[PDB]
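Take a look at the structure set out below.
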Amino acid sequence: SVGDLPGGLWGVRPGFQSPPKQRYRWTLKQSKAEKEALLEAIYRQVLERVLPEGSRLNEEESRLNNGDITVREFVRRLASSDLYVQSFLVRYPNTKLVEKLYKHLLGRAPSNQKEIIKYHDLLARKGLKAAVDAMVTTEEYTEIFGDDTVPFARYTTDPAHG
Amino acid sequence: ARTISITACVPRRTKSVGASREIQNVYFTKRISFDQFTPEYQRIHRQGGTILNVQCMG
Amino acid sequence: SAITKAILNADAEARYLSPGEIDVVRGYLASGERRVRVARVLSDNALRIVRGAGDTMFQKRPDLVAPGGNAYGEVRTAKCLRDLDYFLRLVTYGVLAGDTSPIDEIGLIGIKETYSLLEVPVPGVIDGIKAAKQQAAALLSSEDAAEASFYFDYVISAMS
Amino acid sequence: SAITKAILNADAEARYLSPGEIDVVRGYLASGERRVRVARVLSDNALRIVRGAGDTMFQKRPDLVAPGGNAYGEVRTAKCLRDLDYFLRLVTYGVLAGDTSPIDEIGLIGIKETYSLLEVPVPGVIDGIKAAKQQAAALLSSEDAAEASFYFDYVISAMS
Amino acid sequence: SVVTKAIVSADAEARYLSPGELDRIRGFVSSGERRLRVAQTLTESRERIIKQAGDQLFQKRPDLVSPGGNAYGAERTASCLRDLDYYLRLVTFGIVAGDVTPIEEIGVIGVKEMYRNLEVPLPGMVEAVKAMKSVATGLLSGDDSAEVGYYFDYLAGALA
Amino acid sequence: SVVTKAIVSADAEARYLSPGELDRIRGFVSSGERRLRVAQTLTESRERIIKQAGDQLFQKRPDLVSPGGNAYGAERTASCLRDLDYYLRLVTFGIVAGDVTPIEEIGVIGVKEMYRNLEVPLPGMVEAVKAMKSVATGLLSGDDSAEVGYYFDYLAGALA
Amino acid sequence: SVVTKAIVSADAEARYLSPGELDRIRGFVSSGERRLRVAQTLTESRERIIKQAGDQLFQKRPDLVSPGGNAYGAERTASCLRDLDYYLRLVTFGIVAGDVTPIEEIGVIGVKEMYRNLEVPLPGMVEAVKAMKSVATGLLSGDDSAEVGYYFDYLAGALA
Amino acid sequence: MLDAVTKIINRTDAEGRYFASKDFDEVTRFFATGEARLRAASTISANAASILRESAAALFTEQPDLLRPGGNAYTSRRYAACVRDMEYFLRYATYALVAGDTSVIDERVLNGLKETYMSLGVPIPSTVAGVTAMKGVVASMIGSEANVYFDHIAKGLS
Amino acid sequence: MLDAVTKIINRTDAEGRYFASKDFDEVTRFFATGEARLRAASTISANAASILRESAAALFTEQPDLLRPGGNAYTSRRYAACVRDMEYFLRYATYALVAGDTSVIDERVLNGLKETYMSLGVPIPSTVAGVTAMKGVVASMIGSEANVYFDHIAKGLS
Amino acid sequence: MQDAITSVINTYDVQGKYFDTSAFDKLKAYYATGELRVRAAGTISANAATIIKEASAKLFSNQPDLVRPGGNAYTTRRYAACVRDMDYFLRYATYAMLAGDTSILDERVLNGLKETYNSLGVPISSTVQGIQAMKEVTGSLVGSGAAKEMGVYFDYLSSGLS
Amino acid sequence: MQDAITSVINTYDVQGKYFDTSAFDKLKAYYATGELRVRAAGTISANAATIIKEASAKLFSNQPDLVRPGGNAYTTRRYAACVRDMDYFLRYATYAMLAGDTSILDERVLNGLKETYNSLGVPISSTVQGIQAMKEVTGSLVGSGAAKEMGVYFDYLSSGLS
Ligand SMILES: CCC1=C(C)/C(=C/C2=NC(=C\c3[nH]c(/C=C4\NC(=O)[C@H](C)[C@H]4CC)c(C)c3CCC(=O)O)/C(CCC(=O)O)=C2C)NC1=O
Ligand SMILES: CCC1=C(C)/C(=C/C2=NC(=C\c3[nH]c(/C=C4\NC(=O)[C@H](C)[C@H]4CC)c(C)c3CCC(=O)O)/C(CCC(=O)O)=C2C)NC1=O
Ligand SMILES: CCC1=C(C)/C(=C/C2=NC(=C\c3[nH]c(/C=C4\NC(=O)[C@H](C)[C@H]4CC)c(C)c3CCC(=O)O)/C(CCC(=O)O)=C2C)NC1=O
Ligand SMILES: CCC1=C(C)/C(=C/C2=NC(=C\c3[nH]c(/C=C4\NC(=O)[C@H](C)[C@H]4CC)c(C)c3CCC(=O)O)/C(CCC(=O)O)=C2C)NC1=O
Ligand SMILES: CCC1=C(C)/C(=C/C2=NC(=C\c3[nH]c(/C=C4\NC(=O)[C@H](C)[C@H]4CC)c(C)c3CCC(=O)O)/C(CCC(=O)O)=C2C)NC1=O
Ligand SMILES: CCC1=C(C)/C(=C/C2=NC(=C\c3[nH]c(/C=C4\NC(=O)[C@H](C)[C@H]4CC)c(C)c3CCC(=O)O)/C(CCC(=O)O)=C2C)NC1=O
Ligand SMILES: CCC1=C(C)/C(=C/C2=NC(=C\c3[nH]c(/C=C4\NC(=O)[C@H](C)[C@H]4CC)c(C)c3CCC(=O)O)/C(CCC(=O)O)=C2C)NC1=O
Ligand SMILES: CCC1=C(C)/C(=C/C2=NC(=C\c3[nH]c(/C=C4\NC(=O)[C@H](C)[C@H]4CC)c(C)c3CCC(=O)O)/C(CCC(=O)O)=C2C)NC1=O
Ligand SMILES: CCC1=C(C)/C(=C/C2=NC(=C\c3[nH]c(/C=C4\NC(=O)[C@H](C)[C@H]4CC)c(C)c3CCC(=O)O)/C(CCC(=O)O)=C2C)NC1=O
C-alpha cells in the first residue's frame, strides 16, 4: 500500500537512472546547485547514466544555464550528439534505436507498428538527428514534458497521450 | 548556420487551469535554429499563440 | 569547405583540432594547386562544356524540346542551359572547397521540390550532367577528371 | 537554508508546507540558538584556527611551501591561507543556515576545476581543512564539535 | 516517511544524505516516543472518537442521515462511520511515519473519483474530518493537539 | 580510426560516404606505409623512451619518488614506468589508426577517476607525457616528429 | 473511413463522441445506398473505363508508349493499364468508405519512392488519373460525378 | 529564493567578512519570531479554501463588472484562472511568511508577470484590488504578520 | 561558418560568375598561408592550458579587484566561468586562425555576447582586458599570426 | 521503497488493523536504532572516497589480473566503470542501513544486475569480492555496532549477486 | 563497430602487446587494398539507385507474387519499405567493405533482423534472393577485385538471414 514502485512485479528502476517519480523542471531563477542537478538528470535520463567526467557538453550546458536554449532543445541536441551515437547507435540496429528513443525522449514504449514505422523510416532515410527532431516536436512531447521539464518514464495510463 | 530569436505568448485558453506555474510556457523568448523555425512558428499558431517579435542576430 | 567541416567537428566536441583533422586540413592545403587547376579548366571552358552537354541531352531526349516538352521554346531551352551552367559552376565550387557543402547550400537543397513543381524531368537533368561530366573529362587529365567526376557524380546521385 | 529546502520542496508540488516540512522548519528554528553559538565561536576564533591549520598543513607537507611548491613565496602562501580562511567562513555559513547551500553556492561548485587548472593539490587543501576541523574541535564542546564537523566533512568530501 | 523522503531526495541527486537531511532524520527519531504515545492514545480511544465525531457530523449536517442522504439508513451510516475509522487509522499511521505519505498513498490519491463514484459528498467528508479533528485534539494536550491537527488539516484540505 | 569515424558519421546520417570523407580515407590509406614505419620506429625505441622519460619526470618532480610520494619505492616506481609504458603503446596504436580514438577509448575516458582513485597526481601525468614527447620526437625526422607530437599533445591535454 | 476518423478523433481526446461527430456518422450512414450504387456502377464498368482511360492517356502522351518511353512495349503498357485498374479499385474502396483513407493507405504512402524506383514519371501518373477521372465521371450522374471527382482529385494531388 | 538567514549570509559574503554581533542579532531575531510565523502559516494553510472564497467574493462584490459578459473574468475558464492566480498569491505569500524574505515572491511570482498580464489582457489594477482584499481576509484571520508580503505583491503588479 | 575559400565562393555566387583569375589569386594566397597558420594553431593547441593559466594570471594581477568579495570573478563558480570564457575565446580564435576568417567568432562567440554580459553583470572592459592579455601571451608564443582574431573579439565585445 | 516504519504500516494496513503492542515494539526498536543509523550514515558519507580507494586497492591486489590487459577492469574506462559501480553499491547500502530495510536494494540495485554483468562479461564473483572489501573497510570505519548493522546490507548485496 | 585496423589494435591491446611483424603485415595488407575499397565505395555510391532499380526488378521478376495482391510487397508503402530495406543492405555492405570487417553487419544489421522479419511475416528466403540479385548487379559495376570483396559481405548478410 505504501512506498511501492509502479510496475508491480516489475516495479524496479536501475539506480543509474532517476527515481521513477522524480520530476526535474527548469526555472529561470534557480540556484546553481539546482541547475547542475537538472543537467545531471538530463544526462541520466537521455543517456541512462552519468558519463565519466570530461564527456559532458560544454557550450550547450552554458546555453541551458543562461536560458538561451530550453530543456527540450538541450535534450534534442544531446539525443543527436556524438555521445548518443557512441553509446547506442554504434551497437544497435535502427529498430532497437526506435525503442531507445521512445524510452529516452517520451518515457514509454512504442505501442503499435505505426509508431515503430514512423521513426524507423526517419532513421532509415534521414538519420538519427531527423528522428530526434521529429520525436521532440511531437504534440505528445509538448503536452507531457512541455518545454522546460526533463522527460521521464511514464507509468500512469493516459490513452490520449500514448 | 543561423539562429532566430522568437518572442511569443502562447495562452492556455483550451485547457483547464492548474496550480503549477506555467508563466514560462506561456510567455517566452528563445533562440532556435533556422531549421526549427517553421515548426516553432506553426506550433505557436496552433496553440492559439501570438508571435510578438522575431529577430535575427547579426 | 573541408577546413569548415574539420572545425565543425572540433567545435561540436569543444576541443582543438585533432591529429586526424590536422591531417585533413594539411592534405586539403596540399591539394590547393591541383584543385585550382581543375577549377580554372572547368571555368574557362564553361560555355563549350554547357553547349556540348545541352546538345547531347537534347539528342538523347528530344521530347524535352518537342512541342509540349518542358524545354520547348527559346526561353525555356535557354533556362535549361542556364541550369546546366549553374550545376557546372557549383561543381567548380565543390572542387575548390574540397567538399560538397557549397553545392548543397546553393543548388541541391530544394532542387527536387523545385523540379517536381515545375515538372522538370530529373532523369533528363541527369543526362545533361552526365554529358557535362564527359565533356569536362575530355578536357582534363585522368587524375583531374577523377577529381571533378567525384562532384559530378555527387550531383547526379543527389538528383536520383 | 533548511527553510529554503522545505519551501522549494513544497513549491515543487504546488502545495503548502506539510506536517513533516513544518516539523523540519520548527526543528531548525529550535536549533537556531545552538547554531548561533557554534558560528560565533568559530567566527571570533578564525585567526587562530586558520593560523594553526596552516602551520600543521605546511608541516605535514613542507614541499608545498618549498621552492617549486604550489604555495611557494609570500603571495602564494597568503593565497593558500586566504583559501583556508574562505573555507572556514563557508563552514560558519553552513552551520548557520542548517544546510550546505551557502557552502555549495559560494565555494564548492567549481572549486575542483579551479584547483585543477591552477594545479593546486587537492590533498593539501584537504589536509588544511582537516587541520581546521581539529583546531575548531579544540575550541568547541563535544556536541558543538560534532555539529561543526558535519560541515567540515562535507567540505572535505566535496573536495575529494 | 521522513526517512524515506530523505533517502529519495538524496537518491534523486545521486548523492549521500547531506548534513541537513541527517538533521531532519535525527529530529524525527528523537520525537518517536512522543508521536508513538500520540498514536497509542488515538488508537485506544477510537470508539470514543468515531462515536463523538459521527454525532457532531450528523448534528452539523442532518441532510446526510435524513432520507435522500448518502448515509441514510443504519447500514449506510455504519459505512460512513467505518471510513471515518479508516481515516483515523491513517492518521495514526501518518503520525508514526512523521509525514502524510501513508495517508496520501492509502486514502488521498484518487479519493475524489472514489467518492464521486460512490455519490459521497466531499463537503460532508470535510465536515467529518473537521469533527474528527475536534474530538481527537480534545483528547490530547495542546502541543500534541497541534501536531495531530496538522495531519487532520492536511486530510481536510485533500478532501476539498 | 579514420575509416570508422567516417563510416559512423555517414551511418548516423543514413548516407553513403561523401567525396570529402572518401578523400579523407584515400589520404589515410596513402599514408599507411609511413605511419606504420613511424609506429615501428617508436616500437624499437621502447626501453629508451620509457627510461629517459621516467628520468626526466623524476628529476623535474623529485617529490614523486621522495618518501610519501606516489611513486615512492621500487614497486611504485615500476608501476609508474608501466603507466608510461601503456601510454606509449597507445600512442603507437593511435598513429597507425590515424586518429586519437584508441588513445581516447583505452586511456583517456575515465582516466581522471582512475587516477583520483589511485592518488596519482595529474600534473605528473602531464610532465611524464611531455618528457615522452621530447624523447620520442627526438628520434624522428621533420614531418614525422610533428605528426607524433600531435598525438602526445592530445594526450597531455587530455590528462590536464 | 468516416466512422474510423470520428472514433480516432474522439479517442485522441479520450472522450465519447460529441453530437457533431455523431452527426458526421449519421450523415455517412444515411448516404450509404447512394455510395454503394455509385461503386457498383464503377465496378461494372471496370474494363471499359480502363480501356478508355488508357486510350486517352496514350493519345495525349504518346511519348509514354513511343520508343524510349516508360510504357513502351506490350508488357509495360499492360503494367500501366494494371496500375490504372489498381487505382480505380482503390477509388471504389474509398467511395464506399466515404473517405480517401483506403486510397491513402494502399496506393499513396510510398508511391513516389515506388515510381522513382520504377522510372515512372509522376506527371504521367497525374495525367492518367485525370483521364481516368474524365472517363469515370462521364458514366455518372451530375450529383455522383462531383463526389467521385473529389476522390480522383485527391488521387491526382497525391501523385503530384 | 532566499530566507532571512540566507539574505544575511549573502550580505556578509559580499563583504567577505565573518558574522559579527549585529548579524547574529538579526539571525536571533529571525529565530525568535519563527514559531509565530509558522503558526500563522499553518493557520493560512488550514483555511486556504475559505480565505480564497471570501477573497474572490470581496473582489467580485467590489468589481462586479469583471464577471459581466465581456469582462476579463467572464467565462467559467477565466473565473477559474482568476481564482487560480489568487491561490498563487496566497501560497507564495505563505512561503514568504515562513522564509521571512520576499525574494520567493520576486522570482516565482513577479518575474515577467506584468508583461504576461498585459499580453493576456488581464487588468493590473483589478488584480491588485484582489490581492488587497485577500490581504484583508488573511489579516482578519491571522493579524498583520503577512501584510508586508501582500504589499510586496501589490507593488510588484502596480 | 565561413572560411576564406567559402567566403570567396559566396562572393562569386552572389555575383553569379565563375571564378576569375583574381579570385583564384586570393584562393592560392590562402592556400599559401595555410601551412604556417596550421603550425601556429597546433602550437596554440599544444599550450592551451599554459596560455589560459598565464592569461588569467595576467588579467587578475592587473585587476585584482575582480577576485575580491563582491567582484564579478569572486567565487569558485564565477572564477571557473571566467576562465571558461577565456578558454572559449582562445579556442575560437584558433578556429578562426585555421579557417582564415572571423565568421566563426561572430556566429559562435560574439552574437549576443554583449547582451548576455550586461544581463549577467559581467564587466565588459575587464573581459576585453583579459582578451588583450591572452592576445599578448599568444603573440609571445606564435608571433603576430593570430592577433587579428583577438582584436576582432575585443572590438565585438566593445 | 520501504523503511522499517513503512514495513510495519504495510503489514497493519493490508491486515486492516490498528497498531497493536507488537507494532509499537517494532517502531520503538527502529526509533532506538535511528541515532546509530544516522551516525553511521554520516561517517560513511564523510569517508566514501577513502572506502572506495581502500576496497578497490584490496580487490585489485587480491585479483591483479582484473586491471591488467585482458582483465575486465583494464582500460581507464572500465576501471572507472568499476569504481563507479563500487561507489553506487556503497551509497545504496548506506541508504538501506538508514531505512533499516533492504527493499531499496531490490528496487534500485539487484534486479537485472546479474544478467547485465553476465552480458557485459563482468566477473560476478570478483564484484562480490569487491563488495566484501567495502564491507571490511566500512566496518573498520564505523565501529562495532554500526559494523554489525552495515554488514547485513553488504551481505544482502553479496548474496543477491552470488 | 570495428574496422580491420581497430580489430588488430584491439587484439594487441587485449594481449597488452605492441605491434610485431604479424600485426604490421596485417596493417600493410589493409592499407594495400584501401585504394580499391575507396574506388568501389565511390562507384557504388554513384550508382546506388541504379543498382537498387536493377536488383529489385530482377527479384520481383523472379518472384512476381511478392508485388501482386497478397504479396508482402503489395502496396505502395510495402514496396517502398522493401526497396528501402534493399538500400540498407547495399549501404551496409559498402560500409563493411570499406572497413574490411563484418562487425558493423553484426551490430547494425543482423542483430534482431530475423525476429523483425518473422514478426512482420517478411519472407526471409525472398530477401536473401534480393540480396543475391544485388550482389550480381554490384559485381557488374565495381570490377573483379571489388566485386569479389563486396561478395564477401553480401554472403555474410545472406548467411546471417538464412
Ligand atoms: C505563480 C506565479 C504565476 C502567476 C502569478 C501567473 C499568472 C497567470 N495568469 C494567467 C491567466 C489568467 N489570469 C487571470 C487573472 C484575473 N483576471 C481577472 O480580471 C482578475 C482581476 C484577475 C485575478 C484577481 C485571468 C482572467 C486569466 C485568463 C486569461 C485568458 O486566457 O484570457 C496566466 C496564463 C496561463 C494560464 O491561463 O494558466 C498566467 C501565467 N502564472 C504563474 O505561473
Ligand atoms: C544556382 C542555384 C539554382 C538552381 C539549381 C536553380 C534551378 C531552377 N530552375 C528553374 C526553372 C527551369 N529549369 C529548367 C531546366 C529543365 N529543362 C529541361 O527539362 C531539363 C531536363 C532541365 C535542365 C537540364 C527549365 C525549362 C525551367 C523553366 C520551367 C518553367 O518555365 O516553368 C527554377 C525556377 C525559377 C526560374 O523560372 O528560373 C529553378 C529554381 N535555380 C537556382 O537559382
Ligand atoms: C570564497 C570562495 C573562493 C575559493 C574557495 C577560492 C579558491 C581560489 N584559490 C585560488 C588561487 C590559489 N589557491 C591556493 C591554495 C593552495 N595552496 C596550497 O597548495 C594548498 C594545497 C592550497 C590551500 C590549502 C594557492 C597557492 C593559489 C595561488 C595559485 C596561483 O596563482 O598559481 C584561486 C584563483 C584566483 C586567485 O588567485 O585568487 C581561487 C578561485 N576562491 C574563491 O573566491
Ligand atoms: C482506506 C481508504 C478507503 C476509504 C476512505 C474508503 C471509503 C469507501 N466508502 C464506501 C461506502 C460508503 N462510504 C460512506 C461515507 C459517507 N457517508 C456520508 O455521506 C459521509 C459524508 C461520508 C463519510 C464521513 C457511505 C454512506 C457509504 C455507503 C454508500 C454506498 O454503498 O454506495 C466504499 C464502498 C465499499 C465499502 O462500503 O466498503 C468505500 C471504498 N475506501 C477505502 O479503501
Ligand atoms: C495498389 C498499389 C500498387 C501500385 C499502384 C503498384 C504499381 C507498380 N507498377 C509497376 C511497374 C510499372 N508501372 C507502370 C505504369 C506507369 N508507367 C507509365 O508511364 C504510366 C504513366 C504509368 C501508369 C498510368 C509501368 C509502365 C510499369 C513497368 C515499368 C518497368 O518495369 O520497366 C510495378 C512493378 C511490378 C510489375 O510491373 O508488375 C508495381 C508494383 N503496385 C502496388 O502494390
Ligand atoms: C562559446 C560561446 C559562449 C560564450 C562566449 C559564453 C559566455 C557566458 N558566460 C557566462 C557566465 C560568466 N562569465 C563570466 C566571466 C566574466 N567575469 C568577469 O569577472 C571576467 C572579467 C569576465 C571573464 C574574462 C562570469 C563570472 C560568469 C558567471 C556570472 C554569474 O554567475 O552570475 C554565461 C552564462 C551561463 C553560464 O553561467 O555558464 C555565458 C552564456 N557562453 C557560451 O556558450
Ligand atoms: C591503459 C589504461 C590504464 C592505465 C594508464 C592504468 C594505470 C594504473 N596504474 C596503477 C598504479 C600506479 N600508477 C602509478 C603512476 C604514477 N605515479 C607517479 O606519480 C607518476 C606521475 C605516475 C606515472 C608517470 C603508480 C606509482 C602506481 C602505484 C600506486 C599504488 O601502489 O597503489 C593502477 C592500479 C593497479 C596496477 O598496479 O596496475 C592502474 C590500473 N591502468 C589502465 O587500464
Ligand atoms: C546502482 C545500481 C546499478 C549498478 C550496480 C549498475 C552496474 C553497471 N555496470 C556496468 C559496466 C561495468 N561494470 C564494471 C565493474 C566490474 N568490472 C571489474 O572487473 C569489477 C570486478 C567489477 C566491479 C567491482 C565494469 C568494468 C564495467 C564496464 C563494462 C564494459 O564497458 O564492457 C553497466 C553497463 C553500462 C555502463 O558502462 O555505464 C551497468 C548498468 N547499474 C546500475 O543501475
Ligand atoms: C539495417 C538493419 C534493418 C533492417 C534490414 C530493417 C528492416 C525492416 N523492415 C521493415 C518493414 C518491411 N520490410 C519489407 C521488405 C521485404 N518485403 C518482401 O517482400 C522483400 C522480400 C523484402 C525486401 C527485399 C517490407 C515489405 C516491409 C513492410 C512490412 C509490413 O508493413 O507489414 C521494418 C518494420 C518498420 C518499417 O516498416 O519501416 C524493419 C525494422 N530494419 C533495420 O534496422
Side-chain angles (χ1 to χ4, degrees), chain A residues 13-17 48-49 51, chain D residues 54 57 61 64-65 69-71 75-77 79-84 86-87 89-90 106-108 110-111 114-115 118-125 127-129, chain E residues 54 57 61 64-65 69-72 75-77 79-84 86-87 89-90 106-107 111 114-115 118-125 127-129, chain H residues 13 16, chain I residues 53 56-57 60 67 69 73-76 78-80, chain J residues 13 56 59 63 66-67 71-73 75 77-86 88-89 91-92 108-110 113 116-117 120-124 126-127 129-131:
Chain A
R13 193 74 186 296
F16 275 12
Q17 302 178 245
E48 292 176 33
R49 76 282 192 196
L51 294 174
Chain D
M57 182 179 71
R61 305 217 187 198
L64 273 64
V65 286
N70 189 286
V75 175
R76 278 181 172 241
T77 286
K79 271 184 199 237
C80 169
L81 295 192
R82 179 215 69 194
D83 277 7
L84 275 193
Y86 280 168
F87 288 127
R89 198 156 51 83
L90 294 185
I106 300 162
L108 288 189
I111 194 68
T114 293
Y115 281 161
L118 290 160
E119 293 179 353
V120 165
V122 160
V125 176
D127 280 5
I129 292 163
Chain E
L57 163 72
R61 288 280 303 254
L64 299 179
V65 292
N70 182 73
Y72 179 73
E75 190 276 331
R76 281 172 170 262
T77 300
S79 281
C80 176
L81 271 48
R82 191 277 326 275
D83 62 67
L84 281 172
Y86 278 169
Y87 276 115
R89 180 175 45 103
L90 291 191
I106 302 172
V111 68
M114 194 198 63
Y115 276 140
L118 296 164
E119 293 83 3
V120 170
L122 287 178
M125 293 294 338
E127 182 65 26
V129 165
Chain H
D13 179 58
Chain I
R53 174 170 335 115
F60 294 126
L67 296 181
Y74 170 82
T75 57
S76 80
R78 273 191 252 131
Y79 178 84
Chain J
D13 179 47
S56 53
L59 170 77
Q63 304 195 31
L66 291 174
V67 287
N72 187 250
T75 55
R77 191 194 47 87
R78 292 210 313 268
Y79 186 108
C82 180
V83 287
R84 167 215 62 191
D85 278 21
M86 300 178 95
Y88 275 73
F89 287 137
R91 197 161 49 80
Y92 279 99
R108 305 282 280 143
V109 186
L110 283 176
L113 195 55
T116 314
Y117 277 170
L120 292 168
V122 167
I124 301 187
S126 285
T127 306
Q129 285 324 291
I131 282 168

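The figures here come from the full heavy-atom set of this structure, side chains too, leaving out hydrogens, waters and symmetry mates. Numbering of ligands and ligand atoms starts at 1, following listing order. A note on names: the letters A, B, ... follow the listed sequences, proteins ahead of strands, and every chain is numbered from 1.
- Counting only heavy atoms, the protein gets under 4.0 Å from atom 6 (C) of ligand 4.
- Remark: J/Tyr88 OH is packed, more than 12 non-hydrogen atoms of other residues, nucleotides or ligands lying under 6.0 Å away.
- Of all protein heavy atoms, the one closest to atom 42 (C) of ligand 8 is A/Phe16 CD1, 3.4 Å.
- Under the 4.0 angstrom criterion for non-hydrogen atoms, J/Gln63 is not in contact with ligand 8.
- In the candidate list E/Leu90, E/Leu84, E/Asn70, E/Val111, E/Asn70 is nearest to atom 25 (C) of ligand 4, counting heavy atoms.
- Here the protein heavy atom with the shortest distance to atom 3 (C) of ligand 4 is E/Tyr86 CD1, 3.7 Å.
- Under the 4.0 angstrom criterion for non-hydrogen atoms, E/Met114 is in contact with ligand 4.
- By the criterion of a heavy-atom distance under 4.0 Å, the side chain of D/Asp83, and not its backbone, is placed next to ligand 3.
- Residue D/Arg61 does not touch ligand 3, judged by heavy-atom distances below 4.0 Å.
- The shell of residues lying under 4.0 angstrom from ligand 8, judged by heavy atoms, excludes J/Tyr79.
- Of all protein heavy atoms, the one lying nearest to atom 8 (C) of ligand 8 is J/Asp85 OD2, 3.5 Å.
- Ligand 3 is approached by D/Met57 to a heavy-atom distance shorter than 4.0 Å.
- Near E/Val120, with a cut-off below 4.0 Å to any heavy atom, the atoms of ligand 4 are 14 (C), 16 (C), 22 (C).
- At a heavy-atom distance under 4.0 Å, no atom of D/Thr77 approaches ligand 3.
- Ranking protein heavy atoms by distance to atom 21 (C) of ligand 4, first place goes to E/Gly124 C, 3.5 Å.
- H/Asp13 and I/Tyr74 share a side-chain donor-acceptor pair at under 3.5 Å.
- For the pair D/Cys80 and ligand 3, a heavy-atom separation below 4.0 Å is found.
- Residue contact check: E/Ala128 has heavy atoms under 4.0 Å from atoms 24 (C) of ligand 4.
- The nearest protein atom to atom 31 (O) of ligand 3, hydrogens excluded, is given as D/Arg76 NH2, 4.0 Å; this is a heavy-atom distance.
- Contact annotation: for D/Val125 versus ligand 3, heavy atoms closer than 4.0 Å belong to both the backbone and the side chain.
- What sits closest to atom 33 (C) of ligand 8 on the protein, heavy atoms only, is J/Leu120 CD1, 3.7 Å.
- Counting only heavy atoms of the protein, atom 35 (C) of ligand 3 lies nearest to I/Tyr79 CE1, 3.5 Å.
- Using a 4.0 Å cutoff on heavy atoms, J/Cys82 counts as a contact of ligand 8.
- Nearest protein heavy-atom contact of atom 4 (C) of ligand 8 is J/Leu113 CD1, 3.7 Å.
- By the 4.0 Å heavy-atom criterion, I/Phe60 is excluded from the residues contacting ligand 3.
- For atom 28 (C) of ligand 8, the closest non-hydrogen atom of the protein is J/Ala81 CB, 3.7 Å.
- Scanning the protein for heavy atoms near atom 10 (C) of ligand 3, the closest one is D/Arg82 NH2, 3.4 Å.
- The protein heavy atom nearest to atom 27 (C) of ligand 3 is D/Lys79 CB, 3.9 Å.
- From the protein, the heavy atom lying nearest to atom 2 (C) of ligand 4 is E/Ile106 O, 3.6 Å.
- For ligand 3, the atoms sitting less than 4.0 Å from at least one non-hydrogen atom of D/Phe87 are 5 (C), numbered in the order shown with element in parentheses.
- For atom 19 (O) of ligand 8, the nearest non-hydrogen atom from the set J/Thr127, J/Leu59, J/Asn72 comes from J/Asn72.
- Given atom 22 (C) of ligand 4, the protein heavy atom at minimum distance is E/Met125 SD, 3.5 Å.
- Contact analysis puts E/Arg82 in contact with ligand 4, with a non-hydrogen atom separation below 4.0 angstrom.
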